[PDB]
Structures are given as structure tokens and as C-alpha cells.
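The next block is target05.cif, given as mmCIF, C-alpha atoms.
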data_model
loop_
_atom_site.label_atom_id
_atom_site.label_comp_id
_atom_site.auth_asym_id
_atom_site.auth_seq_id
_atom_site.Cartn_x
_atom_site.Cartn_y
_atom_site.Cartn_z
CA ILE A 1230 105.21 98.20 122.24
CA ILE A 1231 106.78 95.11 120.53
CA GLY A 1232 107.89 97.14 117.47
CA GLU A 1233 107.54 100.14 115.15
CA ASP A 1234 108.06 100.21 111.36
CA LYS A 1235 107.60 103.02 108.75
CA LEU A 1236 105.96 102.89 105.33
CA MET A 1237 106.87 105.86 103.09
CA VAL A 1238 103.86 106.74 100.88
CA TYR A 1239 104.54 108.97 97.86
CA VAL A 1240 101.42 110.50 96.20
CA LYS A 1241 102.12 111.93 92.69
CA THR A 1244 98.90 115.20 88.58
CA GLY A 1245 97.90 115.49 84.90
CA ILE A 1246 98.06 112.85 82.08
CA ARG A 1247 100.22 112.22 78.95
CA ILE A 1248 100.32 109.69 76.10
CA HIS A 1249 103.21 107.15 76.02
CA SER A 1250 104.58 104.94 73.22
CA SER A 1251 108.18 103.76 72.55
CA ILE A 1252 107.59 104.47 68.78
CA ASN A 1253 105.88 107.34 66.87
CA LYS A 1254 106.43 106.08 63.26
CA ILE A 1255 104.31 103.28 61.70
CA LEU A 1256 104.39 101.75 58.16
CA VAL A 1257 101.12 101.47 56.17
CA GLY A 1258 99.64 98.11 57.38
CA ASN A 1259 101.67 98.09 60.68
CA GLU A 1260 100.41 98.96 64.22
CA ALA A 1261 101.66 100.48 67.49
CA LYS A 1262 100.06 100.05 71.00
CA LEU A 1263 99.66 103.41 72.83
CA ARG A 1264 99.12 103.95 76.60
CA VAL A 1265 98.41 106.72 79.13
CA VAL A 1266 100.94 107.66 81.84
CA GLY A 1267 100.49 110.35 84.54
CA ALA A 1268 102.27 113.73 84.18
CA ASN A 1269 104.70 113.00 87.10
CA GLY A 1270 105.32 109.51 85.58
CA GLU A 1271 102.42 107.57 87.28
CA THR A 1272 102.25 104.18 85.39
CA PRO A 1273 99.10 102.04 84.77
CA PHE A 1274 100.41 99.70 87.54
CA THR A 1275 99.55 102.31 90.25
CA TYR A 1276 96.45 104.06 88.75
CA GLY A 1277 95.13 101.53 86.15
CA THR A 1278 92.91 99.77 88.77
CA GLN B 1033 114.58 91.70 144.69
CA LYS B 1034 113.35 95.11 143.34
CA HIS B 1035 116.41 96.09 141.16
CA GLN B 1036 117.40 92.58 139.91
CA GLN B 1037 116.67 93.41 136.20
CA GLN B 1038 119.81 95.64 135.88
CA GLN B 1039 122.63 93.21 136.94
CA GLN B 1040 124.34 92.38 133.60
CA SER B 1041 127.28 89.91 133.22
CA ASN B 1042 130.52 91.95 132.63
CA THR B 1043 131.98 89.03 130.56
CA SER B 1044 129.85 90.36 127.65
CA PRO B 1045 129.16 87.75 124.88
CA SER B 1046 129.06 88.21 121.10
CA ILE B 1047 125.97 87.23 119.00
CA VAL B 1048 126.13 86.46 115.23
CA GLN B 1049 123.01 86.13 113.05
CA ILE B 1050 123.73 83.92 109.96
CA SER B 1051 121.66 84.22 106.70
CA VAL B 1053 119.69 90.64 103.33
CA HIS B 1054 115.94 90.86 104.08
CA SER B 1055 115.10 94.55 103.40
CA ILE B 1056 116.83 97.29 101.32
CA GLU B 1057 116.91 101.12 101.59
CA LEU B 1058 117.93 103.39 98.68
CA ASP B 1059 119.67 106.70 99.56
CA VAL B 1060 119.38 109.21 96.67
CA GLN B 1061 117.63 112.50 95.61
CA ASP B 1062 114.20 112.67 93.79
CA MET B 1063 115.40 115.34 91.24
CA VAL B 1064 118.37 115.71 88.80
CA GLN B 1065 119.07 118.18 85.93
CA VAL B 1066 119.22 117.16 82.21
CA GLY B 1067 122.95 116.58 81.54
CA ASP B 1068 123.96 116.07 85.27
CA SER B 1069 124.51 113.15 87.71
CA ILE B 1070 123.60 112.04 91.28
CA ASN B 1071 124.75 109.05 93.40
CA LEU B 1072 122.64 106.14 94.75
CA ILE B 1073 123.73 104.16 97.88
CA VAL B 1074 122.17 100.68 98.41
CA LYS B 1075 121.73 99.76 102.14
CA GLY B 1076 121.02 96.03 102.77
CA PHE B 1077 119.67 94.95 106.21
CA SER B 1078 119.21 91.68 108.19
CA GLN B 1079 116.04 89.92 109.44
CA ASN B 1080 116.73 91.85 112.72
CA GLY B 1081 117.14 95.32 111.03
CA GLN B 1082 120.98 95.52 111.39
CA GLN B 1083 122.77 96.87 108.26
CA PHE B 1084 125.46 94.84 106.48
CA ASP B 1085 128.93 96.52 106.31
CA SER B 1086 130.27 97.56 102.82
CA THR B 1087 132.96 94.81 103.04
CA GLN B 1088 130.17 92.12 102.77
CA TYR B 1089 128.55 93.60 99.54
CA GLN B 1090 131.39 92.11 97.39
CA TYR B 1091 129.63 88.73 98.09
CA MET B 1092 126.09 89.93 97.09
CA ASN B 1093 124.31 89.59 93.70
CA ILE B 1094 123.01 93.21 93.29
CA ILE B 1095 120.43 93.80 90.48
CA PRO B 1096 119.03 97.36 89.85
CA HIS B 1097 115.61 97.89 88.17
CA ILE B 1098 114.43 100.96 86.12
CA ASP B 1099 111.33 101.53 83.85
CA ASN B 1100 112.60 104.49 81.71
CA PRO B 1101 116.43 104.26 81.16
CA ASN B 1102 116.13 106.81 78.27
CA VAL B 1103 115.34 109.65 80.79
CA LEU B 1104 117.51 108.43 83.73
CA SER B 1105 120.57 106.21 83.10
CA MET B 1106 122.62 104.19 85.67
CA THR B 1107 126.16 102.78 86.13
CA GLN B 1108 127.80 100.96 89.11
CA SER B 1109 130.81 102.72 90.76
CA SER B 1110 134.25 101.52 92.02
CA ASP B 1111 132.34 100.59 95.25
CA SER B 1112 129.84 97.70 94.80
CA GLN B 1113 127.46 99.46 97.28
CA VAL B 1114 127.32 102.74 95.22
CA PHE B 1115 125.78 103.52 91.79
CA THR B 1116 125.97 106.68 89.60
CA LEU B 1117 122.73 107.98 88.00
CA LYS B 1118 122.54 110.48 85.07
CA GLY B 1119 119.64 112.54 83.60
CA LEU B 1120 119.34 112.57 79.76
CA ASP B 1121 116.03 114.41 78.94
CA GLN B 1122 113.11 115.86 81.03
CA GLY B 1123 110.64 113.45 82.75
CA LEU B 1124 110.00 110.95 85.58
CA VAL B 1125 111.46 107.44 86.19
CA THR B 1126 110.72 104.57 88.66
CA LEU B 1127 113.67 102.85 90.39
CA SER B 1128 114.29 99.86 92.74
CA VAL B 1129 117.14 97.41 93.61
CA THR B 1130 117.07 93.64 94.31
CA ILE B 1131 119.83 91.78 96.24
CA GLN B 1132 120.24 87.97 96.02
CA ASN B 1133 122.37 85.41 97.94
CA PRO B 1134 124.61 83.66 95.25
CA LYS B 1135 124.87 80.53 97.55
CA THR B 1136 121.08 80.05 98.24
CA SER B 1137 119.20 82.00 95.46
CA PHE B 1138 117.17 83.80 98.24
CA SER B 1139 116.49 87.52 97.47
CA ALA B 1140 115.12 90.77 98.91
CA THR B 1141 114.03 93.98 97.06
CA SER B 1142 113.83 97.68 98.04
CA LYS B 1143 110.79 99.91 98.00
CA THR B 1144 110.16 101.45 94.59
CA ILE B 1145 111.12 105.14 94.45
CA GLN B 1146 110.74 107.79 91.69
CA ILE B 1147 113.20 110.39 90.33
CA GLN B 1148 112.34 113.44 88.18
CA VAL B 1149 114.66 114.81 85.46
CA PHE B 1150 114.35 118.60 84.79
CA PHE B 1153 109.78 126.83 81.11
CA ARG B 1154 109.23 129.34 78.26
CA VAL B 1155 106.16 131.17 76.81
CA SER B 1156 104.84 131.17 73.21
CA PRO B 1157 104.51 133.52 71.41
CA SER B 1158 107.01 135.99 73.00
CA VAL B 1159 105.29 138.81 71.00
CA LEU B 1160 101.56 139.20 70.12
CA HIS B 1161 99.69 141.88 68.08
CA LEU B 1162 95.87 142.41 68.34
CA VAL B 1163 92.95 144.75 67.53
CA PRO B 1164 90.81 146.06 70.50
CA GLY B 1165 88.12 143.41 71.23
CA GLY B 1166 90.62 140.63 70.22
CA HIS B 1167 91.13 137.46 72.36
CA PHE B 1168 94.01 134.90 72.67
CA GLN B 1169 95.40 132.06 74.89
CA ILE B 1170 99.12 131.89 75.86
CA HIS B 1171 101.12 128.61 75.39
CA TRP B 1172 104.22 127.32 77.29
CA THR B 1173 107.03 124.68 77.09
CA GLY B 1174 109.44 122.61 79.30
CA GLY B 1175 109.89 122.26 83.12
CA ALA B 1176 107.86 120.18 85.62
CA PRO B 1177 104.32 119.79 84.00
CA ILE B 1178 103.43 117.02 86.58
CA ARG B 1179 104.47 119.18 89.67
CA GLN B 1180 103.93 122.87 88.63
CA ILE C 1131 107.57 63.44 133.63
CA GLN C 1132 107.21 59.65 133.19
CA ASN C 1133 108.11 56.77 135.58
CA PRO C 1134 110.60 54.41 133.72
CA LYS C 1135 109.49 51.42 135.97
CA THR C 1136 105.62 51.76 135.97
CA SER C 1137 104.90 53.91 132.82
CA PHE C 1138 102.88 56.33 135.09
CA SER C 1139 103.09 60.01 133.96
CA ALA C 1140 102.39 63.51 135.29
CA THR C 1141 102.23 66.69 133.11
CA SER C 1142 102.66 70.38 134.02
CA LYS C 1143 100.19 73.15 133.33
CA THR C 1144 100.68 74.69 129.88
CA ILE C 1145 102.46 78.07 129.96
CA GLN C 1146 103.01 80.67 127.19
CA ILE C 1147 106.39 82.29 126.48
CA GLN C 1148 106.65 85.34 124.19
CA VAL C 1149 109.61 86.27 121.93
CA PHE C 1150 110.32 89.92 120.91
CA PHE C 1153 107.74 93.35 113.68
CA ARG C 1154 107.97 94.64 110.01
CA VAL C 1155 105.78 96.28 107.28
CA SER C 1156 105.47 95.51 103.51
CA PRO C 1157 106.09 97.34 101.23
CA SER C 1158 108.51 99.76 103.01
CA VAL C 1159 107.87 102.24 100.12
CA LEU C 1160 104.53 102.76 98.29
CA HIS C 1161 103.70 105.05 95.32
CA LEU C 1162 100.07 106.11 94.59
CA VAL C 1163 98.10 108.57 92.42
CA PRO C 1164 95.53 110.91 94.16
CA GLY C 1165 92.30 108.88 94.67
CA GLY C 1166 94.35 105.62 95.00
CA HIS C 1167 93.62 103.01 97.74
CA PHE C 1168 95.88 100.38 99.41
CA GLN C 1169 96.01 98.02 102.45
CA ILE C 1170 99.32 97.79 104.37
CA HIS C 1171 100.75 94.28 104.94
CA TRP C 1172 102.96 93.26 107.91
CA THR C 1173 105.09 90.32 109.13
CA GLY C 1174 106.04 88.94 112.55
CA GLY C 1175 105.47 90.58 115.91
CA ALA C 1176 103.18 88.50 118.20
CA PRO C 1177 100.17 87.59 115.93
CA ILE C 1178 98.10 85.92 118.78
CA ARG C 1179 98.41 88.89 121.30
CA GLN C 1180 99.16 92.07 119.26
CA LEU D 1377 103.68 74.83 97.25
CA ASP D 1378 104.87 78.40 96.35
CA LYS D 1379 102.30 79.99 98.72
CA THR D 1380 103.40 82.42 101.48
CA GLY D 1381 103.92 80.69 104.86
CA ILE D 1382 105.18 77.39 103.27
CA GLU D 1383 108.77 76.60 104.38
CA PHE D 1384 111.38 74.04 103.15
CA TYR D 1385 114.06 72.40 105.37
CA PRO D 1386 116.66 69.76 104.21
CA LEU D 1387 117.00 66.90 106.75
CA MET D 1388 120.42 65.47 107.73
CA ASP D 1389 121.07 61.87 108.85
CA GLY D 1390 122.02 61.33 112.55
CA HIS D 1391 125.26 59.65 111.30
CA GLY D 1392 125.94 62.96 109.41
CA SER D 1393 126.00 61.16 106.00
CA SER D 1394 123.48 63.33 104.04
CA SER D 1395 125.26 66.64 103.42
CA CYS D 1396 122.28 67.66 101.22
CA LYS D 1397 124.31 70.82 100.19
CA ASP D 1398 126.46 68.48 98.04
CA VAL D 1399 123.39 67.08 96.14
CA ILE D 1400 120.77 69.92 95.90
CA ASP D 1401 120.02 73.61 96.53
CA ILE D 1402 116.57 75.13 97.48
CA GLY D 1403 115.84 78.87 96.87
CA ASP D 1404 113.30 81.30 95.23
CA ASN D 1405 110.57 78.54 95.56
CA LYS D 1406 112.75 76.25 93.29
CA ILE D 1407 114.73 73.02 93.80
CA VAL D 1408 118.05 72.47 91.89
CA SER D 1409 120.27 69.32 91.66
CA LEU D 1410 124.10 69.71 91.76
CA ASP D 1411 127.21 67.89 90.37
CA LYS D 1412 126.84 64.70 92.51
CA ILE D 1413 124.94 61.41 92.76
CA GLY D 1414 122.95 61.01 96.02
CA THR D 1415 119.68 61.19 98.01
CA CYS D 1416 118.24 64.14 99.98
CA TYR D 1417 115.33 64.25 102.48
CA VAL D 1418 113.27 67.48 102.92
CA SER D 1419 110.37 68.68 105.10
CA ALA D 1420 107.66 71.03 103.84
CA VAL D 1421 106.61 72.99 106.99
CA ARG D 1422 103.84 75.64 107.06
CA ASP D 1423 103.15 78.62 109.41
CA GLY D 1424 105.99 77.37 111.73
CA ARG D 1425 103.95 74.14 112.29
CA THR E 1475 109.99 87.10 62.86
CA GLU E 1476 112.12 85.25 65.49
CA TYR E 1477 113.06 86.76 68.92
CA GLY E 1478 116.23 84.70 69.72
CA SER E 1479 117.13 83.10 73.10
CA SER E 1480 117.89 86.53 74.73
CA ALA E 1481 114.20 87.69 74.65
CA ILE E 1482 113.42 86.80 78.31
CA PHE E 1483 110.08 88.26 79.57
CA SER E 1484 108.88 89.20 83.10
CA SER E 1485 105.38 89.98 84.51
CA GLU E 1486 103.99 91.78 87.62
CA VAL E 1487 100.41 92.01 89.03
CA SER E 1488 99.28 95.19 90.88
CA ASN E 1489 96.62 93.43 93.05
CA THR E 1490 97.96 89.98 94.08
CA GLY E 1491 95.54 87.01 94.44
CA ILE E 1492 92.91 88.51 92.04
CA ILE E 1493 94.83 86.56 89.33
CA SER E 1494 97.90 84.37 88.82
CA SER E 1495 100.12 84.72 85.69
CA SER E 1496 102.46 82.24 83.92
CA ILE E 1497 104.71 82.93 80.87
CA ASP E 1498 105.72 80.31 78.26
CA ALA E 1499 107.83 81.37 75.21
CA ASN E 1500 106.17 84.73 74.17
CA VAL E 1501 102.67 84.00 75.67
CA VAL E 1502 101.37 85.15 79.09
CA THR E 1503 98.51 82.97 80.38
CA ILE E 1504 96.48 84.19 83.39
CA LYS E 1505 93.81 82.64 85.68
CA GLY E 1506 91.06 84.33 87.76
CA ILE E 1507 91.24 83.56 91.54
CA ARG E 1508 89.01 86.36 93.03
CA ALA E 1509 86.66 89.00 91.58
CA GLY E 1510 87.99 92.59 91.11
CA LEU E 1511 90.23 94.95 89.06
CA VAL E 1512 93.97 94.39 88.38
CA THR E 1513 96.73 95.73 86.12
CA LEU E 1514 98.98 93.10 84.56
CA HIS E 1515 102.44 94.49 83.62
CA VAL E 1516 104.79 92.67 81.18
CA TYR E 1517 108.34 93.70 80.20
CA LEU E 1518 111.49 92.46 78.42
CA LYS E 1519 113.44 91.41 81.57
CA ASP E 1520 116.94 92.67 80.62
CA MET E 1521 115.71 95.80 78.71
CA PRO E 1522 112.90 96.94 81.12
CA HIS E 1523 112.12 100.19 79.19
#
Whole structure, C-alpha cells version:
Amino acid sequence: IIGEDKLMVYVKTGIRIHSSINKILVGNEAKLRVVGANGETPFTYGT
Amino acid sequence: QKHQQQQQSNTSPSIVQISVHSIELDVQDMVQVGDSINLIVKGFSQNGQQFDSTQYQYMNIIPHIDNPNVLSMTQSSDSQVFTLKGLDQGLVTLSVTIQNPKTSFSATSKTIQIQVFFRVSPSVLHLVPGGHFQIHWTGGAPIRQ
Amino acid sequence: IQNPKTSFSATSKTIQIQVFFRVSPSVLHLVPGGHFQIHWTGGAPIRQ
Amino acid sequence: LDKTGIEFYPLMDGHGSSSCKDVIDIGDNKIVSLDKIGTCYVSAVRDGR
Amino acid sequence: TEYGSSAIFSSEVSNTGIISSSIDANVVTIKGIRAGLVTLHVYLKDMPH
């Protein structure tokens, strides 16, 4: 053996909606996204 | 001839590596709404030796969070230690970057995640025989429960 | 080794000397059904 | 030249004249000039080669 | 209508070498390098929520 190293893998259930705003004016928009129910972001599941 | 590998020189030298190349974060994955936990940032060398706390006063330490509205952070009276606080229920992703302020070279930790942390509705129901219903519920760990 | 009076040279055999690893990332987060390939740095990449 | 396994090394004169540290810095795949007038020499190495 | 000089953006790429990204002002330009699926992430650097 010329070395050992250790990756920790966390695996984390349901889904939720996410937005930073929940009001909109007439004629305005907001972009919505999904996030997982533990907090899983589209970075880790979106692919 | 057969034992020659074990004869060390009793005038033992010192060896100094000159250059943070990996980071560990020492903290808990769960905190209550309204309460706090500590985070310790461990910086290591190219050869896996930790730096001593007395060297972290020379390091450019930069924490990273996705959802500061659920889990907040401050730095403590020790540069190596940070204080976290939960604000409402949820999940948050956390990491820390350290940079050399003489050479702009940096290293970053693993990402980690921290949770912040039930009732039934209605508490009373009235029916006729042959009636049907479905119970509802609120608050807790809906991603872990 | 070269001769500084005649320019004649001789060369040794080649030999190999070995010097004595890490993973990246050190922490990963996935969702169930997620895939990844581990990356690594150093060790002895011509004998390991 | 940002690509993993590229390496950058400032080159000093054998008379010790080029203290490149007084003219430039090199970090985060950037180059930066400093307060002083001068010339620096640099190698771009790759894969230890 | 105007973001000021404090509106610094960052971007990350969940499968490296499928694309490259580059930001200028408030525009992220990307280029395809290999076939596949990737998430691009973009955030306000100093307010990452």
C-alpha cells in the first residue's frame, strides 16, 4: 500500500417547490424551481 | 546485514514543509430552530499534517452557504471557530474555502449539509357510519421521516 | 561519464526510483439514483 | 493555459538580480503586476515535464 | 434598472468538461465541449442565497 484516503458520501427523499419570492405584480414574473425534501438542490439531482 | 533497516541516527533532524491543500469541517448535521452549534475549520498540508490554530490568523478564510435564512453563521473570537444558528425548519448546504493572502492559492472543504428542526389536523373529526377521510400533518423532518 | 580530453562517453543502465495519494472530492452529496466517478491525485500513476 | 496539470514557475537570474516577487505575483490561474518597474521570466511546465 | 458595482456573480457546473462557462457584466455565456447532461448554477457571489 502507497496510501489510503476516504471519501464521505451522503445520500439524501421527497420534493418541494422553491422560490425566494411568492408575491408578483400584474405583468411581472418569478422563476420557480424544485428542491428535494431534505434540501437536495438541482446541482446534485438535476442531471 | 539482516536487521540494517532499523538503525536510526539518534541526532534526529527536523523537517519543515513550506507552502493549506485540504479542509475538514467539524460540526453536527442537525440544530433546533432558535438554537446554535459550533463549526471548527481544520486546514491540512499537501502531506496531510494539520496547521496549528496559531497559523490561522494568517489565512484568508471564506465560508459558503446556500440558504442563510434557515441557518445563519458568525465567526468567533478564535479565527478557526465559527458559530452557526438555526432560524426556521429546513436543510442547508455548507462549505469553507481557505486562501493564501501572499500567493492567491486556495483550497476548499467538502460540501456538507445541516438540517434545522409534528402535529395532526384536524385534532377532532365527526362522521356518519360509512364515512371516509384522510388525516393531515405539519412540521418536523418531512425529508427524513 | 564523459572523457574531458577525447569527448568519449559511457552511460549507465536506466534505473527507476519511486517516491512515497489523495481523493477528490473528500465529501460528496447525492440523491438516491445518483451516479458519480471518484477522482484522485498523486500516488505512483505508472505502477499503482 | 488554465487546464489541470499546467504549472507556472518564475525563473531567477544566476546573479540573483530578478527577484520576480518584487515585480509580479502568480496565483488562481492569474498573473498580477506589482508596484515596481522590471522584467520577469516564467516557465509553463506540464505534468511535471 | 441598474445593479451597481456590488452585484458580483459566480457560476458552478455539476459535470465538468461537458461545458465551459464565462460571465461578463450580467450575462453568462457557455460553450459545449462534450455531449451529455449538466446543471449550470449561478449565484450573487456575496449574497449566495
>> Please return as a ChimeraX atom specification every residue within 12 Å of (102.8, 87.4, 118.8), taking into account only C-alpha atoms and the file's own coordinates.
In response: /A:1230-1232 /C:1146-1150,1153,1173-1180
> Using the chain letters and numbers from the file, which residues does the PyMOL selection byres ((chain C) within 8 of (chain B)) grab, as an MDAnalysis selection string?
Replying inline: chainID C and resid 1157:1161
Mind giving me the axis-aligned box for stretch 1274-1278 of chain A with 4 Å on every side, centre plus edges in Å to one decimal, as AutoDock Vina command-line options?
--center_x 96.7 --center_y 101.9 --center_z 88.2 --size_x 15.5 --size_y 12.4 --size_z 12.1
Target residues per the PyMOL selection byres ((chain D) within 12 of (chain B)), formatted as a PDB file with C-alpha atoms, keeping the file's coordinate frame:
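File written: expr.pdb
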ATOM      1  CA  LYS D1397     124.310  70.820 100.190  1.00  0.00           C
ATOM      2  CA  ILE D1400     120.770  69.920  95.900  1.00  0.00           C
ATOM      3  CA  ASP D1401     120.020  73.610  96.530  1.00  0.00           C
ATOM      4  CA  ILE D1402     116.570  75.130  97.480  1.00  0.00           C
ATOM      5  CA  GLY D1403     115.840  78.870  96.870  1.00  0.00           C
ATOM      6  CA  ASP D1404     113.300  81.300  95.230  1.00  0.00           C
ATOM      7  CA  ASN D1405     110.570  78.540  95.560  1.00  0.00           C
ATOM      8  CA  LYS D1406     112.750  76.250  93.290  1.00  0.00           C
ATOM      9  CA  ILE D1407     114.730  73.020  93.800  1.00  0.00           C
ATOM     10  CA  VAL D1408     118.050  72.470  91.890  1.00  0.00           C
TER      11      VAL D1408
END
> What residues in chain B have any atom no more than 7 Å from chain A when counting only C-alpha atoms, and can you write them as a ChimeraX atom specification?
Replying inline: /B:1124-1125,1177-1179
> Quick one: residues within 10 Å of residue B:1106, only C-alpha atoms counted, chain neighbours fewer than 3 positions away excluded, as number ranges by chain?
Replying inline: B: 1069-1072, 1096-1098, 1101, 1109, 1115-1119
At most 12 Å is the cut-off: for each residue in chain D with any atom that close to an atom of chain E, write down the nearest atom pair and the distance in Å rounded to one decimal, counting only C-alpha atoms, chain first then increasing number, as a Markdown table.
| residue | atom | partner | partner_atom | distance |
| --- | --- | --- | --- | --- |
| D:1378 | CA | E:1494 | CA | 11.9 |
| D:1379 | CA | E:1491 | CA | 10.6 |
| D:1380 | CA | E:1491 | CA | 11.5 |
Within 7 Å of chain E, which residues of chain A show up? Give each one with its shortest atom-to-atom distance in Å (one decimal) and the two atoms involved, counting all atoms listed in the file, rows by chain then rising residue number, as a Markdown table.
| residue | atom | partner | partner_atom | distance |
| --- | --- | --- | --- | --- |
| A:1273 | CA | E:1513 | CA | 6.9 |
| A:1274 | CA | E:1513 | CA | 5.6 |
| A:1277 | CA | E:1513 | CA | 6.0 |
| A:1278 | CA | E:1512 | CA | 5.5 |
Any chance you could export the current selection's C-alpha atoms as a PDB file, keeping the file's coordinate frame?
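File again38.pdb, as written:
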ATOM      1  CA  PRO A1273      99.100 102.040  84.770  1.00  0.00           C
ATOM      2  CA  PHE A1274     100.410  99.700  87.540  1.00  0.00           C
ATOM      3  CA  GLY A1277      95.130 101.530  86.150  1.00  0.00           C
ATOM      4  CA  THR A1278      92.910  99.770  88.770  1.00  0.00           C
TER       5      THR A1278
END
> How many Å lie between atom CA of residue B:1068 and atom CA of residue B:1154, rounded to one decimal?
Replying inline: 21.0 Å
> Can you list, as a PyMOL selection string, every protein, DNA or RNA residue that comes within 10 Å of stretch 1411-1413 of chain D when you count all atoms listed in the file, leaving out same-chain residues fewer than 2 positions away?
Replying inline: chain D and resi 1398-1400+1409+1415
Please, could you write that set of residues out with C-alpha atoms as a short mmCIF file (atom, residue, chain, number, x, y, z; two decimals), keeping the file's coordinate frame?
data_model
loop_
_atom_site.label_atom_id
_atom_site.label_comp_id
_atom_site.auth_asym_id
_atom_site.auth_seq_id
_atom_site.Cartn_x
_atom_site.Cartn_y
_atom_site.Cartn_z
CA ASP D 1398 126.46 68.48 98.04
CA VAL D 1399 123.39 67.08 96.14
CA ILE D 1400 120.77 69.92 95.90
CA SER D 1409 120.27 69.32 91.66
CA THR D 1415 119.68 61.19 98.01
#
>> Could you tell me how far atom CA of residue B:1155 sits from atom CA of residue B:1173, in Å to one decimal place?
In response: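 Distance between the two atoms: 6.6 Å.
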> With only C-alpha atoms as the basis for distance, which of B:1176, B:1148, B:1104, B:1161 is at the shortest distance from chain E?
Replying inline: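 Checking each candidate against chain E, we get B:1104 as the closest.
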> What is the atom CA of residue E:1503 to atom CA of residue E:1518 distance in Å?
Replying inline: 16.2 Å
> Residues at most 9 Å from residue A:1248, counting all atoms listed in the file, excluding those fewer than 5 positions away in the same chain, as number ranges by chain?
Replying inline: A: 1263-1267
>> Running the PyMOL selection byres ((chain E and resi 1508) around 8) on this model by hand, what would come out? Give it as a PyMOL selection string.
In response: chain E and resi 1491-1493+1506-1507+1509-1510
> Near chain C, which residues of chain D fall within 12 Å when you count all atoms listed in the file, and what do they look like as a list in words?
Replying inline: residues 1380, 1381, 1423 and 1424 of chain D
Between chain E and chain B, at 10 Å or less, what are the per-residue closest atom pairs and their distances in Å? Count only C-alpha atoms, order by chain and rising residue number, and return it as CSV.
residue,atom,partner,partner_atom,distance
E:1517,CA,B:1099,CA,9.1
E:1519,CA,B:1097,CA,9.5
E:1520,CA,B:1097,CA,9.3
E:1521,CA,B:1101,CA,8.8
E:1522,CA,B:1099,CA,5.6
E:1523,CA,B:1099,CA,4.9
